[PDB]
Amino acid sequence: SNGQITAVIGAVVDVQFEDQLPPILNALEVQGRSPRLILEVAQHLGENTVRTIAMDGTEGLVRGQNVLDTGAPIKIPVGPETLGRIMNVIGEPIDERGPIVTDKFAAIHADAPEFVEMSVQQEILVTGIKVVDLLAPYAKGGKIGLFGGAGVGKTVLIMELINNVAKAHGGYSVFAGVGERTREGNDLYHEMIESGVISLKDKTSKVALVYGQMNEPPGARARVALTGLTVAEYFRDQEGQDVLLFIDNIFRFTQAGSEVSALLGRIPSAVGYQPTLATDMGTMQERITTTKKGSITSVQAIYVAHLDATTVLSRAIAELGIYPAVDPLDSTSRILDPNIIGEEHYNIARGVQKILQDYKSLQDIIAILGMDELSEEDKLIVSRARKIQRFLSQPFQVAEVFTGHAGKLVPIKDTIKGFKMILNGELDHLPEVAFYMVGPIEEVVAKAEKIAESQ
Amino acid sequence: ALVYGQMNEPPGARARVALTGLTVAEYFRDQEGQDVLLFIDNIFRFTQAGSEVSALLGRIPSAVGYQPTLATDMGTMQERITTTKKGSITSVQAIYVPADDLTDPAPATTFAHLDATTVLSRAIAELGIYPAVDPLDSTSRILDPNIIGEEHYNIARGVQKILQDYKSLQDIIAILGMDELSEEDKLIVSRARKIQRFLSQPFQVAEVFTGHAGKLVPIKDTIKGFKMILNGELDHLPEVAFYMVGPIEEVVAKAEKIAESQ
Amino acid sequence: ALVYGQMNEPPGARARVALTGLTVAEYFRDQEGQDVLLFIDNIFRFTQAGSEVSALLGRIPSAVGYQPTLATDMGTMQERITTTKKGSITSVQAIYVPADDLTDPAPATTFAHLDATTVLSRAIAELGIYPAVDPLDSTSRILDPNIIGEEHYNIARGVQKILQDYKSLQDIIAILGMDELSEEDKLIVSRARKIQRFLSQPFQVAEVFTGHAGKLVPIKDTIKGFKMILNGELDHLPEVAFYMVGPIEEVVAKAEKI
Amino acid sequence: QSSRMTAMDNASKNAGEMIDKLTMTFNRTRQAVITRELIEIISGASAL
Amino acid sequence: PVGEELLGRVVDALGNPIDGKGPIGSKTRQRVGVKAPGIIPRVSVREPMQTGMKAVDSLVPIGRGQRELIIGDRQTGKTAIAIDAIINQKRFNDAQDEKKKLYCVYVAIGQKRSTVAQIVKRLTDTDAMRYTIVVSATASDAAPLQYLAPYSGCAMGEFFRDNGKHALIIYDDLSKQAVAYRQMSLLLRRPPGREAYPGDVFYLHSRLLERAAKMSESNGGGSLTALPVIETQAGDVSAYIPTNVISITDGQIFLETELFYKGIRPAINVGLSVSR
Amino acid sequence: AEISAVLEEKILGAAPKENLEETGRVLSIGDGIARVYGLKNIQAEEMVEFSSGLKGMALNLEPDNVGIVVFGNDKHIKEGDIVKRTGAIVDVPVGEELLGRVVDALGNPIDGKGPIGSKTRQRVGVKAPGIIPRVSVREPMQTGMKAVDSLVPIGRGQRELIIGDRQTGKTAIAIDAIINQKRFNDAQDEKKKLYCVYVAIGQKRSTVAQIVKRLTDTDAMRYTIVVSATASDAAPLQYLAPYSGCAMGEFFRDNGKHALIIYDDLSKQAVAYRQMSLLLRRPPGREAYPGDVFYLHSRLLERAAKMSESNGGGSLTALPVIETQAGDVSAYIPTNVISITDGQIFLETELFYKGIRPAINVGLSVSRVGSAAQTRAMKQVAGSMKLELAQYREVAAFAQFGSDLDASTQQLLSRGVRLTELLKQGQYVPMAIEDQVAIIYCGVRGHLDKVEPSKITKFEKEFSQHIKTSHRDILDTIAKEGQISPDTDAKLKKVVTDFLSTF
Amino acid sequence: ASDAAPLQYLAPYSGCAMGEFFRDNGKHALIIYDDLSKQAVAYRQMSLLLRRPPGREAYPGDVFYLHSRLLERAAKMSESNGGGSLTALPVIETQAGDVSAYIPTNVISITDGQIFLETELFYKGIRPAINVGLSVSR
Ligand SMILES: Nc1ncnc2c1ncn2[C@@H]1O[C@H](COP(=O)(O)OP(=O)(O)OP(=O)(O)O)[C@@H](O)[C@H]1O
Ligand SMILES: Nc1ncnc2c1ncn2[C@@H]1O[C@H](COP(=O)(O)OP(=O)(O)OP(=O)(O)O)[C@@H](O)[C@H]1O
Ligand SMILES: [Mg+2]
Ligand SMILES: [Mg+2]
């Protein structure tokens with residue numbers, strides 16, 4: 001179970017064993033490194049030596065150095081103790097908050113759930129965000145693409161997703177910064193501390209963080225998502241919770257897998273990390289699914305291929321004062337079918353989308369000729385569409401100290417009822433500005449009554 | 001005689017099937033003194049099978065993924081298709097052009113050994129003219145007043161010029177009409193319609209499916225007929241008398257029957 | 001002094017004859033303290049003959065089948081051609097671009113080793129303008145308002161802006177013609193065509209090719225003529241009068257002859 | 001109306017000629033890209 | 001394993017049952033690499049294989065014994081077209097006409113296992129499972145299983161073809177099988193070609209798709225109908241694997257992303273859809 | 001190792017007395033790569049000394065031999081020569097004594113001004129700071145040019161890329177940023193100072209001499225270190241020069257001071273590392289580059305950050321330069337550096353020859369720090385300026401053939417023309433922040449809509465003189481308040497209207 | 001076309017030696033290589049079968065040297081060398097009239113002038129279809 005280093009070429013270490021050869025994906029610890037170096041066995045070369053990828057730096061290694069085989073893959077600490085902490089690939093805490101004292105360790109390479117363990121019903125994960133729950137619903141076990149650039153509240157939306165899932169459903173979240181910048185990671189960590197999702201000394205943390213820097217070797221960044229998925233899998237299997245898994249991002253995960261394949265020299269650089277091919281990404285994608293015990297819902301943070309849902313964040317929506325700045329027309333979902341989410345939900349969503357598209361055409365017509373067109377029917381359409389656009393906005397729990405508005409959690413039935421009443425014109429006599437920054441629809445009625453009493 | 005190397009065959013069989021058919025044709029030429037016909041369909045599948053054979057041997061591929069021996073493999077296959085002192089082998093080869101690129105190495109290698117061209121046009125088939133051979137896209141290298149003769153060359157050039165004038169005037173007729181054209185233009189478009197109607201011909205092998213008896217028009221009959229149409233000697237006949245008729249005596253006979261039935 | 005190793009020579013000889021001419025110029029510069037003129041024609045044959053033997057030296061080829069030490073060999077060759085404190089060398093080197101490509105590694109390496117560049121284009125030579133110098137691809141690093149004069153720099157930048165505007169308009173001109181252009185665009189096109197004709201100049205060595213007498217144009221006459229064209233003082237003249245003439249006085253004389 | 005029809009006809013003919021030249025350039029660029037990627041894959045595989 | 005005991009069962013590429021309903025009772029086993037039928041044992045394709053879609057049954061008709069390609073981008077409706085073709089045969093299999101009955105095979109290659117479970121639920125709900133075999137090689141399955149699953153499903157269909165019955169097989173999708181074979185060929189140190197694909201990916205797909213045929217009346221009169229699926233990226237028809245599959249099959253059905261986002265469902269491009 | 005001498009001494013059991021643990025002999029030497037037998041106790045990335053006095057670095061530790069990259073001409077190295085390990089990795093001197101000096105990649109002075117009295121040396125392979133010791137970037141790093149200090153702002157501790165084609169002005173942007181800091185280094189406020197490091201990689205010696213002459217004539221050399229790895233230098237020197245310059249800048253960053261590093265250019269370092277990797281028989285990848293060429297630049301550029309107040313508060317802002325061939329930013333090295341850095345500044349040849357200098361493509365240039373890297377007045381005027389420029393670009397995308405346009409469209413087009421003429425700036429003349437704020441404020445408040453654009457530079461040449469002579473109290477009010485108050489806005493509008501009446 | 005590639009490569013040099021006989025004996029010889037593009041294709045096949053590194057359009061890097069060492073032997077001798085001469089007329093087949101390709105640009109740089117033939121003029125009956133604007137002689 002003890003081997004010696006034969007060759008050191010970049011982040012690729014060839015290590016020769018004597019008695020027992022470790023299997024593929026096992027972790028081997030170098031015995032002379034003060035920051036310990038874990039090598040993952042990628043292939044067997046024969047002659048009782050194996051080729052391994054390094055999870056840390058390689059400068060200073062000498063040939064013949066002793067390597068101890070752990071007899072298992074990279075076992076990272078899992079549990080409630082990893083909430084609010086930052087871990088590297090191999091589970092060491094890198095937030096200078098002390099050791100991670102836990103009782104549960106789990107290997108980062110596990111099997112996907114079987115064909116009999118999967119639910120035939122394509123349930124949706126309601127997240128309490130009215131625009132998300134209405135126009136682009138989140139499916140349990142689905143793949144979710146979160147778009148947005150600089151100046152938009154993409155980070156605030158991510159933290160609102162974490163807080164709302166931990167509150168409404170009781171399931172935690174895991175963030176995995178696959179090859180992320182140190183400045184962006186520090187900003188995200190401090191924003192998570194400030195907004196109260198990560199709490200120090202109170203044990204009320206809702207997200208577990210796994211980070212991989214850009215100065216890390218390619219092998220280290222290609223297994224950060226596996227570490228985050230392992231923490232999420234502990235929260236799903238051993239607790240029965242619906243767990244969010246934020247990955248930043250799939251593109252950098254594919255890039256790190258392509259760099260690993262280029263270092264190993266077998267697969268050429270033209271082919272890197274297909275969504276299929278369980279060695280590359282098929283196991284990771286199939287371990288993000290909904291089972292009879294729980295579900296893992298993957299959200300990929302994309303900064304501006306197989307996404308079940310997509311929420312596009314636009315600067316123009318934030319320029320109109322609508323928070324969150326989700327574009328209602330560019331946010332699509334495969335789940336928008338009458339056979340899955342119900343006929344009334346699809347009918348309301350299609351009516352809202354049609355009203356918004358007609359409103360954009362009416363705004364173009366008004367900009368061309370003027371505000372008087374097709375009697376008062378177009379004016380009524382414009383008024384209902386503007387009330388819908390105001391009602392799409394919602395205060396955030398995580399941003400109640402930066403904006404001063406108390407965030408609210410809106411169930412899906414409340415959003416359906418409120419938008420149905422707006423479409424039917426039951427609240428058409430209320431002022432437009434009374435529909436702004438309100439969670440439920442009874443809050444809209446109370447806001448309109450307070451406006452009428454004040455004015 | 002048929003060979004039919006299928007698409008599920010190994011690449012070696014598909015590469016040598018053209019040589020097998022060429023060997024049967026070479027026996028018909030050398031040991032019988034015949035003018036054999038060889039049909040290859042497709043000739044791009046021959047190149048693709050040769051490329052797969054060379055890639056299975058581990059050789060370094062040439063430009064655009066083809067074998068480095070593409071020119072000499074095509075040359076060795078095609079130089080056995082020639083005319084010798086005993087007989088001749090004439091090859092009609094179906095040609096597929098990948099990605100509609102005539103500068104691709106496989107069509108460009110094929111075009112070096114080509115002595116003619118027969119383009120079958122879908123638009124001509126939509127006009128009811130059979131065979132649907134495009135008279136302008138199809139070309140030949142023996143269009144010369146030393147191989148086919150002065151009269152054949154002049155008549156073919158005159159037919160090509162009239163059809164080119166017709167194609168130029170088709171856009172004008174489509175956008176404006178036909179009444180504003182001059183008398184010369186109306187004579188040109190009438191002769192061109194009669195020329196392109198006379199290009200149609202009944203085939204014996206389709207005579208069950210068509211009901212028209214097939215005709216084998218000799219070359220002097222086609223030369224005389226198109227010379228008559230070019231000179232305006234049949235300006236009084238209707239255009240429908242030229243359709244699906246082999247010779248020109250049957251054109252005037254069909255015109256006489258049309259006049260009598262009218 | 002002449003040193004010749006030509007294209008009939010083997011690639012070993014063509015890769016070292018430039019160093020022989022450099023050695024003659026270095027002796028005339030250092031050990032004598034003289035002003036030397038060094039003309040090389042052409043550098044690309046040196047850097048191509050270096051690549052012809054690179055495969056026979058057992059080297060891995062570089063991108064587009066070049067020698068992997070092309071940059072370092074060109075650097076060690078070109079750094080010997082310099083003006084030192086002991087003496088001055090003015091060097092004029094021709095460079096060949098294979099298949100009319102400027103992103104080829106050998107000219108792209110040679111670009112950073114030069115002070116003044118004169119890029120010749122085939123498309124300009126197709127238009128009959130001789131010398132076919134690209135006006136928007138030639139740099140000198142002496143083109144500075146504090147070195148060659150403020151008026152000279154301003155005229156040169158104005159000519160380059162006019163020719164860039166004409167190049168941007170050429171896409172619309174090639175489709176919709178001159179009718180869709182505005183009046184300022186027509187003035188831009190007319191002055192740019194006059195500028196392109198006036199950039200051509202009959203050379204004394206090229207007379208046997210053409211028959212025009214070669215003209216030597218003083219730089220004050222050059223900046224005066226281009227200032228006259230940029231100011232619109234010659235908009236009433238045909239552009240053919242601007243073709244193959246040295247000074248602006250020959251432009252006026254040729255216009256009056258027509 | 002006649003002048004506008006003739007002007008749009010000339011514009012369409014000029015656009016057709018530009019389309020033909022860009023199509024030839026596109027085919028040449030496509031062949032060069034395929035050849036370059038094949039040579040890069042060959043050089044990557046032959047270094048093992 | 002082959003037989004009619006596989007109808008209604010969800011099996012993997014090896015034929016092992018994965019639906020949890022118990023072992024299969026097949027008495028016959030058929031090789032996956034069987035040579036395609038020749039020229040004499042087959043006749044011309046004339047029996048209509050009715051998809052049930054108006055645009056397919058009118059503009060690009062599919063006959064019994066024909067390879068018709070369903071090519072398109074992601075999320076365009078290729079699986080929906082294939083599932084509707086499977087569902088449409090219920091009205092023929094219930095009737096007494098033996099020449100109208102069609103037995104279906106659905107080979108899911110490289111898909112998500114939850115999507116295959118939803119497909120099986122949909123076919124069970126519409127009573128189309130009784131004549132359908134589902135062969136699933138998901139993403140978590142190994143690349144050899146994804147390479148083998150089309151040939152396993154083809155052998156199951158060829159049992160019906162050689163027994164006088166008629167079968168329709170769907171390969172959803174063949175691009176995932178080509179990716180799996182590319183990875184196996186690269187890890188076996190085989191010489192690659194364009195896009196690191198080996199020199200016999202065309203031979204792989206041609207020997208797969210030449211087994212769909214209309215047998216002669218002296219050879220039983222049965223038929224096997226293939227509906228391969230190709231997923232393209234940004235409409236790149238000129239890619240290597242789509243070019244090979246287009247050159248193999250007897251026609252293609254093009255699904256357009258632009259038409260799909262306009263709400264035109266099914267998004268069939270009429271000018272690009274060919275049926276020989 | 002199976003050579004004839006080794007087989008001879010192993011068959012006979014000679015047991016040779018040469019202890020090759022701390023020394024070695026050269027098996028082969030070629031093109032700056034030495035394969036060395038011996039050096040049993042050598043470590044990776046360690047410096048060695050040859051018998052001719054040349055230095056080398058051990059990059060490949062193979063079981064048979066050691067691969068050494070030679071720091072100099074390989075003519076001095078012969079087969080069988082003795083190589084002695086130094087026992088330490090490469091280090092360079094750091095300190096305030098390097099300011100004003102022109103050094104090579106190893107810290108040796110090449111300006112001829114004698115030695116350097118540096119009392120401290122730092123290794124080049126230092127790990128980058130983690131997520132904890134660094135803080136968010138908010139201090140402005142003022143380049144001094146209006147097109148970049150407003151639209152693509154650069155903060156202290158930010159990796160901002162300058163990417164473009166040849167002869168577009170990337171070096172001009174960098175040198176102008178170095179020159180601009182003389183305003184702050186000559187002042188008394190210590191936190192505003194910025195010490196500069198310029199790393200020339202692969203350039204000719206005449207170009208570096210011209211750069212040093214330009215910095216000496218403008219008195220910017222007194223706070224500037226120039227690290228030179230010229231074209232005739234060895235590939236290990238060109239590869240190691242950015243790391244040595246980064247260590248020199250990290251001395252200022254770790255001592256509570258602020259440093260700015262320019263790598264001109266990282267494309268030459270990538271070419272040099274590609275040559276070393278190809279000659280070491282490492283497996284090539286896309287465009288013959290190794291698989292660690294992303295890790296090379298990421299490791300270099302991750303060390304440029306601003307430290308927290310507990311770590312002294314110092315900063316290190318990097319300005320890498322990338323040369324692009326024919327505008328193809330989809331190549332390997334441009335894609336890597338774009339994915340590493342916190343934003344890019346894109347330069348275009350068409351904008352350069354159109355008169356727009358600096359030729360900054362506003363649409364393609366991003367700054368991820370954004371308005372946090374700006375002062376309050378510059379943020380106030382640039383927020384409106386970027387919106388007006390975006391509106392101008394949107395309305396000019398469909399205004400080539402448009403003549404009878406709308407009045408609002410014509411106003412937007414005219415405003416965009418005024419702003420485009422406003423962003424133009426001459427070479428070697430950096431501008432103060434107050435002058436940029438005043439000129440941009442006049443541009444975006446409609447004060448130049450009635451002014452011909454060709455006179456705007458002359459207006460810039462004169463109105464800045466007007467407020468600096470007769471209306472300096474308004475500038476003092478702006479400096480003390482820190483923002484454009486509406487009363488100061490009205491006073492500035494009155495001054496502008498009076499000046500335009502005089503104009 | 002049915003011969004081996006080395007024979008196609010050797011034939012221009014064999015003919016050049018036969019013309020060099022008359023060149024060195026005071027006589028005058030005119031030699032025509034129809035065509036050098038097919039010789040370069042044969043030499044490309046020889047180099048690709050020798051596993052030599054391909055360059056522009058998968059051609060070896062000494063194809064310029066191949067044509068230059070062939071065509072430099074055609075020259076005008078002095079009176080002290082017998083007054084002989086050898087005149088070369090190389091033939092190049094282009095694709096779609098592109099003179100910007102690798103081999104045509106090589107032979108243009110080697111030779112003293114070209115006679116360009118246009119397909120457009122050839123289709124209009126202008127024979128010989130010589131482009132006067134492109135065909136020059138130095
Ligand atoms: N004719 C149709 N009418 C309505 N919805 C349809 C239609 N065809 C497909 N859809 C819907 O479009 C979505 C995607 O279609 P489908 O999954 O069948 O396409 P696909 O090409 O198989 O996608 P993928 O590439 O993800 O496998 C589904 O939600 C499906 O319900
Ligand atoms: N803003 C400017 N105004 C006027 N001239 C300028 C400006 N910026 C650069 N130039 C001039 O443009 C030329 C090239 O610019 P510069 O050398 O800075 O570009 P570069 O990116 O360094 O190019 P290279 O690839 O040669 O290093 C020089 O003559 C310089 O004087
Ligand atoms: Mg599908
Ligand atoms: Mg520069």
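Hydrogens, waters and symmetry mates are skipped; everything else that's a heavy atom, side chains included, is used. Throughout, protein chains are lettered first and strands after them, A, B, ... in sequence-line order, and every chain is numbered starting at 1.
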Does the [X] side chain pair with the main chain of [Y], one donor and one acceptor, at a distance under 3.5 Å?
X         : Y         : answer
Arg315(A) : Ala325(A) : no
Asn88(A)  : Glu92(A)  : yes
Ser315(F) : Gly157(F) : no
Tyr211(A) : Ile131(F) : no
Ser367(F) : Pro153(F) : yes
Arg181(A) : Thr341(F) : yes
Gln213(A) : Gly179(A) : no
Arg156(F) : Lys306(F) : no
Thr403(A) : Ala399(A) : yes
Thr415(A) : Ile412(A) : yes

Calculate, to the nearest 0.5 Å, the distance between atoms [atom1] and [atom2] belonging to [X] and [Y] respectively.
X         : Y         : atom1 : atom2 : answer
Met378(F) : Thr375(F) : CE    : OG1   : 8.5 Å
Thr230(A) : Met87(A)  : OG1   : CE    : 8.5 Å
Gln75(E)  : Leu307(A) : CD    : CG    : 8.0 Å
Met437(A) : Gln394(A) : CE    : CD    : 9.0 Å
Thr290(A) : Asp242(A) : OG1   : CG    : 7.5 Å

Give a yes or no on whether a salt bridge exists between [X] and [Y], defined as a side-chain N under 4.0 angstrom from a carboxylate O.
X         : Y         : result
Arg183(A) : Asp187(A) : no
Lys130(A) : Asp414(A) : no
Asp308(A) : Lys143(A) : no
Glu184(A) : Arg368(F) : yes
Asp342(F) : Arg159(F) : yes
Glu123(A) : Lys140(A) : yes

Test side chain to side chain donor-acceptor pair (under 3.5 Å) applied to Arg134(F) and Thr182(A), step by step = CA-CA 9 Å; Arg134(F) 60 183 65 193; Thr182(A) 47; 2.5 Å; yes
With a 4.5 Å heavy-atom cut-off, do [X] and [Y] have their side chains touching?
X         : Y         : result
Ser383(A) : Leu380(A) : yes
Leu146(A) : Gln300(A) : no
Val299(A) : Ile158(A) : no
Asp428(A) : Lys387(A) : yes
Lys104(A) : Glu81(A)  : no
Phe147(A) : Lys154(A) : no
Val207(A) : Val174(A) : no
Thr297(A) : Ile144(A) : yes

State whether the number of non-hydrogen atoms from other residues, nucleotides or ligands found under 6.0 Å of [X] atom [atom1] is greater than 12.
X         : atom1 : result
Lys379(A) : NZ    : yes
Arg97(A)  : CZ    : yes
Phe402(A) : CZ    : yes
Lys450(A) : NZ    : no
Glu426(A) : CD    : yes

Which heavy atom of [X] sits nearest to which heavy atom of [Y], and what is that distance?
X         : Y         : answer
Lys206(A) : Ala166(A) : CD-CB, 3.8 Å
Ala301(A) : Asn249(A) : O-CB, 3.3 Å
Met385(F) : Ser150(F) : SD-OG, 4.2 Å
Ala168(A) : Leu409(A) : CB-CD2, 3.7 Å
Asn186(A) : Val135(F) : OD1-CA, 4.3 Å
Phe391(A) : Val438(A) : CE1-O, 4.0 Å

Could you check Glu443(A), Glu160(A), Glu400(A) and say which one makes a salt bridge (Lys or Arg N to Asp or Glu O under 4.0 Å) with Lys408(A)?
-> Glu443(A)
Apply the test side-chain contact (heavy atoms from CB on, under 4.5 Å) to residues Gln363(A) and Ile366(A): give CA-CA distance (whole Å), side-chain angles for both, the deciding distance (0.1 Å), then the verdict.
-> CA-CA 5 Å; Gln363(A) 276 193 152; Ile366(A) 287 179; 5.6 Å; no
What residues, two or more places apart in sequence or in another chain, satisfy ring-ring contact (aromatic ring centres under 6.0 Å, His included) together with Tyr172(A)?
->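 Only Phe235(A) meet the ring-ring contact (aromatic ring centres under 6.0 Å, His included) criterion with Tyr172(A).
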Derivation and outcome, side-chain contact (heavy atoms from CB on, under 4.5 Å), residues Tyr234(A) and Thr82(A) = CA-CA 11 Å; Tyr234(A) 184 86; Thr82(A) 194; over 6 Å; no
For the pair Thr102(A) and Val78(A), evaluate side-chain contact (heavy atoms from CB on, under 4.5 Å) and give the outcome as yes or no after the intermediate values.
-> CA-CA 7 Å; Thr102(A) 190; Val78(A) 285; over 6 Å; no
Carefully, step by step, assess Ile198(A) and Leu209(A) under the rule side-chain contact (heavy atoms from CB on, under 4.5 Å).
-> CA-CA 10 Å; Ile198(A) 293 185; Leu209(A) 269 67; 3.8 Å; yes
May I ask you to check whether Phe396(A) and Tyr323(A) place their ring centres under 6.0 Å from each other?
-> no
